[PDB]
Amino acid sequence: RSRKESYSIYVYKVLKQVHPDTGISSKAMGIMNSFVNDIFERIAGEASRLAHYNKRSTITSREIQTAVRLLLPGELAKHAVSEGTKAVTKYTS
Amino acid sequence: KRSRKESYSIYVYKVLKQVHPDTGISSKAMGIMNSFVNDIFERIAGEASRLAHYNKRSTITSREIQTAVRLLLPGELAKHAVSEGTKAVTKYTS
Amino acid sequence: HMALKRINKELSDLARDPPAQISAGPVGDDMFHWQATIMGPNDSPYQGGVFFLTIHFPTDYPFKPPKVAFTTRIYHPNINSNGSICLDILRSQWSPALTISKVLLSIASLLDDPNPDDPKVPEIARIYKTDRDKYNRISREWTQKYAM
Amino acid sequence: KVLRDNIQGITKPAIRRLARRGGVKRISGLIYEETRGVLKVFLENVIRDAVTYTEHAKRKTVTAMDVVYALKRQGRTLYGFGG
Amino acid sequence: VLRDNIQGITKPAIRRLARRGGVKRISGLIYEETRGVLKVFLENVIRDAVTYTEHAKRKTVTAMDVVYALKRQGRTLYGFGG
Amino acid sequence: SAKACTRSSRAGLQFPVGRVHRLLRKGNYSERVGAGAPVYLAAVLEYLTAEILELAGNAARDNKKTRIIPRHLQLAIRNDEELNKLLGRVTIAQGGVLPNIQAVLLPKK
Amino acid sequence: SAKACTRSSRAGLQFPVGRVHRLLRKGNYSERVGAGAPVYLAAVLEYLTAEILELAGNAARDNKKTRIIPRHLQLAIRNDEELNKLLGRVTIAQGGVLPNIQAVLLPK
Amino acid sequence: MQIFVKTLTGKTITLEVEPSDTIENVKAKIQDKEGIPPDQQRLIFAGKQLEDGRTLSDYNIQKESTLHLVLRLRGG
Amino acid sequence: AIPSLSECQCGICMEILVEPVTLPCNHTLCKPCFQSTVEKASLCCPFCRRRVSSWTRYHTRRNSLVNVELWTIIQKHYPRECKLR
Amino acid sequence: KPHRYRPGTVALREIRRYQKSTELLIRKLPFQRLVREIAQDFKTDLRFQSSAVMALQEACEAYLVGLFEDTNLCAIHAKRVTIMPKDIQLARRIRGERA
Amino acid sequence: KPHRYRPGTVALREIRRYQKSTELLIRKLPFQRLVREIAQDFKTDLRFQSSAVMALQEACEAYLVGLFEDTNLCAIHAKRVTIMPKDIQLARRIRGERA
DNA sequence: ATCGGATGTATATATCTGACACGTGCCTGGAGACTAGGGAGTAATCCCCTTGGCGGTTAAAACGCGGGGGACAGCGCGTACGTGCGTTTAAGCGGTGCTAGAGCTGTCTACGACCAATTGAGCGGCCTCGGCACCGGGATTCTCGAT
DNA sequence: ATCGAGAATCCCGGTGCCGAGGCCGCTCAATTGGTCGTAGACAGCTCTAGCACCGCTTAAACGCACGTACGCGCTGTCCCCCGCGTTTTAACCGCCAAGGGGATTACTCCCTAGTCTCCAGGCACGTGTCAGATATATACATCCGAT
Ligand SMILES: [Zn+2]
Ligand SMILES: [Zn+2]
């Protein structure tokens, strides 16, 4: 057989972190996988276009931040930027 | 002097002289044609790159470009563009 | 197949009224292969020049152009040593309505005067555009020792 | 094994059911033919791209991923079938 | 500083746009709605334009930023670059 | 940070970071990929997933169930304002539609 | 075809094969680019450009002008079903709109 | 004095020359016998390209030394 | 009147017209030659060298390439020529 | 003597019931036969995965539901409760599907 | 005694005139000032290239012309000749700009 | 404004079944250490173009008035669609059999990436003359009040 | 059905100006030649599931009849855009002047790709059990005719 990667265990961990009691079915799990893939592809493509637009050749954190500010609506954009910068700051030290 | 900026101006002018032997074209129309060519190039190249990534391939072969042309263009432009591309490749390889 | 009949009419057209200073014919049984002889035009630096060339007919004619090659040696900016010829009608401006007589007379016209916009050989091209006399005498000691 | 006039399989009660889900109280008598035509056009548009996708890969069975991908290209992203 | 400038989109300047669009008769309340929707559309485009400008550590909104924002929104524009 | 634990645990994230890095490398997005991009991207993905899961769990608890079915996801996405705009073009399988009837069609008083 | 001549003329095209090849290779589309892709892509682009320009020139001649201007481009694009379908969302600067008045508004 | 050369065609042409001769003159001799112009000729001595200005004795060409030839093919 | 027998033959294949196609540049050639040219030639009229691509795109959807009246004339007036095809 | 509802309340009850459920609203076999007919019209001798047919049916049902919602909005805007083919045509024209 | 055109024959003349020309319809400086106001609302002390302002004006004019075309179509559908705010709202709702 | 049937929907209880949550083997992908070089950060300079200001002139906007055409409400007709019942049709479910085609593995050969010398295609700057903009006069054609 | 006056639009001829097309100098990117590592083309084998058939329920579809309520045409009222004339406001053009920051260049350093080694995190497979669906029997909200 061939191993097929997925975001299953991580989404289950997040669900248990938020709602320790409720479960999740298989169809909802596939829907969440598709949603995560779609958002990933959108943000990565926007970051790539932004990097190419400024005659650059790398994707740093700021390109991802600008892509997030472009894509997500207002309040979601602010919360996502705050979470991302917090994670990067905690990671770098 | 100013750094070199590339454009499709001279080739579009050559094609225009090939179609209409005695018709000129303004600057704004040149800019519009340049933008149109760039946009279509970006569309076809991006679709072909995706479709190559789709089947775990690594090369953008003329098959991928042909499929992207069949997808993006409408009914008749698809057939004519495919025929022209096949003609060009056949004449180039031999 | 269908091109064989077209070759028949082209041969008949060459037969009834052959053009001036040029004559072509098939070497063997197959009508695809042809060879032709061309004289040096009077208003040219190739006086008394005799040249031979070969013609290849693709299986899809006239929808595709035929191939030409100089089996002899000639000095010209638009012809290489091996005999390859770079003219517009051969590969870029070829149409099915054209005939072998037309391409032969176009070749003769090129031999009358060169085309400097698209030189196949650039060194003799800059030699020719430098001054006329150098091209003159180089064509001299090329044509009276190769053509004759 | 040819097929004919299978569009009649989308009967009047089925279109009535769809409109009832949509939020429609009263339905005219000429809606059904228009609905069938619209559905046929949409199916042709999606299936052409799906068949192109499954033909580029040198296969003979259309895969659900191909349909998902044709829908995504056409502008109607679909969730729940992979990707 | 500027304030109360949406009134610059004058009543004849909206009548002319409607005339180009193919409108024969115009009600007396169209102008306010048109001003509102125009302001919303401008705000939506200019936000992305300013974000593009701010990313490049610049201070001038070039035409390329506006063209890129319009292309992102799905309203591709021809003539000013690309 | 400590620079001794796993990368995902080091950043405080539950989503993988190495997998995101590999996807960025092999995704043909840029010739080079920075060392801080995967962390930011994983944080954004995890936040969005957490928010949608919280709303779906709220809907499921409202409907007296212990599992999240696609209907709960559809309700959670549509009822919110930001998420609905984000997923405006997305169609959820087995999602149905929100209950709304125009006021004109209702019977008169 | 015989080698030892510029690439754009080997296939009979006018658009630059080399420039298209460089753009495809360094444009960050795929790891490797085949040797036949640029020729096909250049042929498609040249075909489309010729299609646009022929109709634009026809409209310009119909307008008693010997120079193509964006109004002629818009008239050529919007009067063809296939091209209008292709360039649906695109806005041509200084292109105007097609003449069209609804029959109901006409005087009776 | 004859020289063995592995040309592109592989044919070795017998001709009496001397190492003291210049490259231009031997190239002209080849053009007289083989027709290849001096610019088109490119003699190869142990993988080294010889300039036309110099002579054969500079790279020490000896009796029947196995050399190579490549034609500078531009066009055709 | 009636067209001459010699003038009617195709200028490409030197033989009678079958399913003739009338170009917008009022040049007539038989459908096999026209199809072979559009497949392999430079998408131009061989004689006057003008593009027919937009015309071909328009006419191929409605299947109006063939000239019905000239085809009827050639088959009725010269049936044996069509039979020997 | 027999009790029959006023014309209209049954439609409202069906609307309320049908906006709560999530199953599919078209019979499986006729839709499968129709999609097979279209496919074999495009390319002969084709085979279909079951999931592909299910995905096609789901997409078509969602699109039709959205179209009917827009048509109902148009019909109510025209000071009517019934939907007519001109409502569907206008909705398609505004959405830009047919231009 | 003075010659007055009937109400209706002048608007059609304006429609015929404006659908043939291509110049910009809104005045330049008021539009530029409004754009600068919005920009300073977003970020303070910005500068604008004239090409950017022209592009913004072109996009806005094209969008408004399209919106008025759809509004007129809806108004004609509603058995009227006058365009009303509800027409604009319905066209925007169907096009998906506000839902 | 009720009041009675009568109908459909909502609620409480047993049960049983298949999908979800968890446990285990393992192997492939991720982590750790080290090296080289180019991409990007930073400082400095130039000059392009953006902002600001004045004066004029005049095309466009603001305001007001008379009125006619269009929006909107009210009524009446009848026809098409909703609701219910009996009947015919084929969807739905289970069970079995067959093989075409998806999927995986092993060889290896030819296509594409890399690098260096080289030169001509294409870009920047100049210049000029013709195509288009503009003005002024006249011919042509819709428009409307009056017959 | 029409004739004619007032007004807008199209044609034609002459003058002028600025930008589009061609030319010259030059620099750098495409070309050509050669080498090398690996991607996919092909042959072969496995085995999954897509297709075809058959029988039995019974649920959804179909056709018909009755009635009513809503779509549509018609009329009447009134009020609000429209067309035109007059006055006020600021847009547009040409002009000058200052400097901010975009664009380019040189230098350096440190951040990431590439390679090798190693090991454990996640995937495939298997198993138990309980959450939800279904059947069955009451309780209540709601609708419609009749006072
Ligand atoms: Zn013929
Ligand atoms: Zn012709």
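Observations regarding the overall build of chain G
In step 1: The helix and strand inventory of chain G stands at 5 helices and 3 strands.
In step 2: In chain G, the succession of helices and strands from N to C terminus is α-α-β-α-β-α-α-β.
In step 3: For 108 residues, the compact-globule estimate of 2.2 N^0.38 gives 13 Å, and chain G exceeds it by more than 25% at 20 Å.
In step 4: Over its C-alpha atoms, taken along the principal directions, chain G stretches across nearly 70 × 30 × 20 Å.
In step 5: Within chain G, contacts between residues at least 6 apart in sequence are counted, and of these 29% link residues at least 24 apart.
In step 6: A total of about 5,000 Å² of accessible surface is found on chain G, and carbon and sulfur atoms cover 49% of it.
In step 7: Taking the average location of the 17 positive side-chain charges in chain G and that of its 8 negative ones, the two points are 10 Å from each other.

As for the coordination of the zinc ion (ligand 1)
Residue and element names in this part refer to chain I.
In step 1: Donor atoms from the polypeptide that bind the zinc ion (ligand 1) are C10 (SG), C13 (SG), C30 (SG) and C33 (SG), placed at 2.3 Å.
In step 2: Taken together, the 4 donor atoms coordinating the zinc ion (ligand 1) and their angles of 101 to 113 degrees define a geometry best described as tetrahedral.
In step 3: Sequence spacing of the donors to the zinc ion (ligand 1): C-x2-C-x16-C-x2-C.
In step 4: Exposure remark for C13: the relative accessible area of 25% places this residue in the partly exposed category.

Examining the nonpolar core
In step 1: By size, the foremost hydrophobic cluster in this structure holds 66 residues, and its most contacted members are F36(B), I65(B), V69(B), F15(G), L24(G) and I68(G).
In step 2: Counting residues per element, this core draws most heavily on helix α3 (residues 37–62) of chain G, which supplies 16 residues.
In step 3: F15(G) has contacts with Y8(B), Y11(B), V12(B), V15(B), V37(B), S8(G), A42(G), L45(G), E46(G) and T49(G), leaving out every residue within four places of it along the chain.

Digging into the protein's contact with DNA strand L
In step 1: Residues in contact with DNA strand L amount to 72 residues; listed here are only the nearest, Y11(B), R16(D), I27(D), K60(D) and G8(J).
In step 2: If you look at DNA strand L and keep only atoms within 4 Å of the protein, 95% of those are sugar or phosphate atoms.
In step 3: A distance of 3.0 Å separates a base nitrogen of DNA strand L from a polar atom in the side chain of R4(B).
In step 4: Within the side chain of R33(J), one N or O atom sits 3.3 Å away from a phosphate oxygen of DNA strand L.
In step 5: Each residue belonging to the surface near DNA strand L can be placed in one class, and the counts come to 17 nonpolar, 21 polar and 34 charged.

Thoughts on the sheet that holds strand β3 (residues 48–49) of chain H
In step 1: If you trace the 4 strands from one edge of the open sheet to the other, you get β1-β4-β2-β3 (chain H), paired in mixed fashion. Each of the sheet's edge strands pairs with one partner strand only, and the pair in question is β1 (5–6) and β3 of chain H.

Some points on a positive patch on the surface
In step 1: Positive charge collects at one region of the surface, where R13(J), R16(J), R17(J) and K20(J) lie side by side.
In step 2: Summarising the element assignment, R13(J) is placed in helix α1 (residues 9–18).

Side note on unusual backbone geometry
In step 1: A cis amide bond links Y61(C) with the next residue in sequence, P62(C), at an omega value of 0 degrees.
In step 2: Within the element layout of this structure, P62(C) appears in the loop between β3 (50–56) and β4 (67–70).
In step 3: Phi at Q94(G) is positive, roughly 55 degrees, even though this residue is not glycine.
In step 4: Position of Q94(G) relative to the elements: it lies in the segment after β3 (91–92).
In step 5: In this structure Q94(G) comes out as partly exposed when scored by relative accessible area, which is 31%.

A short note on the interface of chain G and chain B
In step 1: Residue-level contacts link 50 residues of chain G with 54 residues of chain B.
In step 2: A buried area of about 5,000 Å², summed over both sides, lies between chain G and chain B, and 72% of it is on carbon and sulfur atoms.
In step 3: Along the contact surface separating chain G from chain B lie 1 salt bridge.
In step 4: When the shortest N-O distance is used, the salt bridge between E6(B) and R22(G) registers 2.4 Å.
In step 5: In this structure, the connection of chain G to chain B is made through 16 residue pairs in polar contact.
In step 6: Those elements that provide at least two residues to the side of chain G that touches chain B are α1 (7–10), α2 (17–26), β1 (32–33), α3, β2 (67–68), α4 (70–78) and α5 (81–86) of chain G.
In step 7: Among the elements that take part in the side of chain G that touches chain B, α3(G) stands out by supplying 17 residues, more than any other.
In step 8: Of the residues assigned to the side of chain G that touches chain B, the class counts are 30 nonpolar, 9 polar and 11 charged.
In step 9: As paired strands, strand β1 (residues 24–25) of chain B and β2(G) are joined by 2 bridges and run parallel to one another. Among the inter-strand pairings, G24(B) is bridged to a residue of β2(G), identified as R67(G).

Some words on the pattern of salt bridges
In step 1: Throughout the structure, instances matching the rule amount to 41 salt bridges over all chains.
In step 2: Its salt-bridge partner being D60(C), residue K40(I) comes within 3.8 Å of it at the nearest N-O pair. In this pair, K40(I) sits in helix α2 (residues 31–40) while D60(C) sits in the loop between β3 and β4, so the two residues belong to two different chains.
In step 3: What makes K40(I) partly exposed here is its relative accessible area of 26%.
In step 4: By relative accessible area, which is 16% here, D60(C) ends up buried.
In step 5: Linking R93(J) and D70(K) is a salt bridge whose minimum nitrogen-to-oxygen distance equals 3.6 Å. Taken as a pair, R93(J) in helix α4 (residues 85–95) and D70(K) in helix α3 (residues 50–77) lie in two separate chains rather than in one.

Focus on the packing of helix α2 (residues 30–55) of chain E against helix α4 (residues 85–95) of chain K
In step 1: With their axes 9 Å apart at the nearest point, α2(E) and α4(K) run at an angle of 30 degrees to one another. Accordingly, the angle class assigned to the pair α2(E) and α4(K) is roughly parallel. Each of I30(E), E33(E), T34(E), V37(E) and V40(E) in α2(E) lies in contact with α4(K), whose residues at this interface are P85(K), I88(K), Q89(K) and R92(K).
In step 2: Its residues assigned to classes, the contact of α2(E) with α4(K) shows 5 nonpolar, 2 polar and 2 charged.

Quick word on the protein's contact with DNA strand M
In step 1: Around DNA strand M, a shell composed of 68 residues is seen, among which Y13(B), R15(E), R25(F), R22(G) and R36(J) lie nearest.
In step 2: Restricting the count to atoms of DNA strand M within 4 Å of the protein gives a sugar and phosphate share of 97%.
In step 3: Between DNA strand M and the protein, one listed contact pairs a phosphate oxygen with a side-chain N or O atom of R15(E) at 2.6 Å.
In step 4: In the model, a phosphate oxygen of DNA strand M is placed 3.3 Å from a nitrogen or oxygen of the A35(F) main chain.
In step 5: Examining the composition of the surface near DNA strand M, we find that 3 residues originate from one element, helix α2 (residues 28–42) of chain K, more than from any other.

Focus on the sheet that holds strand β2 (residues 33–39) of chain C
All names here are of chain C.
In step 1: Read across the open sheet, the 4 strands follow the order β1-β2-β3-β4; overall the sheet is antiparallel. The open sheet has two edge strands with one neighbour each: β1 (22–25) and β4. Here the average twist between neighbouring strands, direction ignored, is 25 degrees.
In step 2: Pairing analysis gives 7 bridges linking β2 to β3, with the strands arranged antiparallel. Its bridge partner lying in β3, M39 is registered against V50.

What to know about the packing of aromatic side chains
Any pair of aromatic rings gets described here by the distance separating the centres and the angle formed by the planes.
In step 1: In the structure shown here, the tally under the stated rule is 19 aromatic pairs over all chains.
In step 2: For the pair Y75(C) and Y135(C), a centre-to-centre distance of 5.7 Å together with 55 degrees between the ring planes defines the contact as tilted. Pair noted here: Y75(C) is in the loop between β4 and α2 (88–91) and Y135(C) is in helix α5 (residues 132–147), with a separation of 60 residues, a long-range link.
In step 3: Look at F42(D) and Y63(J): their rings are 4.6 Å apart centre to centre, the planes differ by 25 degrees, and that puts the pair in the stacked class.

Calculation rules
Residues numbered from 1 in each chain as written, not as in the entry; some residues may be left out. Chains lettered and ligands numbered in written order. Heavy atoms only, no water. Helix = DSSP H or I, 4+ residues; strand = E, 2+ residues; numbered from the N terminus. Rg over C-alpha atoms; globule rule 2.2 N^0.38 Å. Contact = heavy atoms within 4.5 Å. Areas by Shrake-Rupley, 256 points an atom, 1.4 Å probe, with all protein chains shown as cover. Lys, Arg positive; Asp, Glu negative; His and termini not counted. Charge placed at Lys NZ, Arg CZ, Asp CG, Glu CD. Donors = N, O, S within 2.8 Å, 3.2 Å for Na, K, Ca; no water. Tetrahedral: all angles 85-135°; square planar, octahedral: opposite > 155°, others 65-115°. Buried < 20%, exposed > 50% of the residue type's maximum accessible area, 1.4 Å probe, protein only. Core = buried A, V, L, I, M, F, W, Y, C linked by side-chain atoms within 4.5 Å. Near = heavy atom within 4 Å. Polar contact = N/O pair within 3.5 Å; in protein donor to acceptor, adjacent residues only side chain to side chain. Nonpolar A, V, L, I, M, F, W, Y, C, P; charged D, E, K, R; others polar. Pairing = 2+ DSSP bridges. Patch = residues over 30% accessible without salt bridge, like charges linked within 9 Å, V, L, I, M, F, W, Y side chains within 5 Å. Salt bridge = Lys/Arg side-chain N within 4 Å of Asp/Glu carboxyl O. Buried area = accessible area lost by both parts, 1.4 Å probe. Axes fitted to C-alpha atoms, helices over the stretch in contact; angles between N-to-C directions. Parallel < 35°, antiparallel > 145°, perpendicular 65-115°, else oblique. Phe/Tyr/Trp six-rings, centres within 6.5 Å; stacked < 30°, edge-to-face > 60°.

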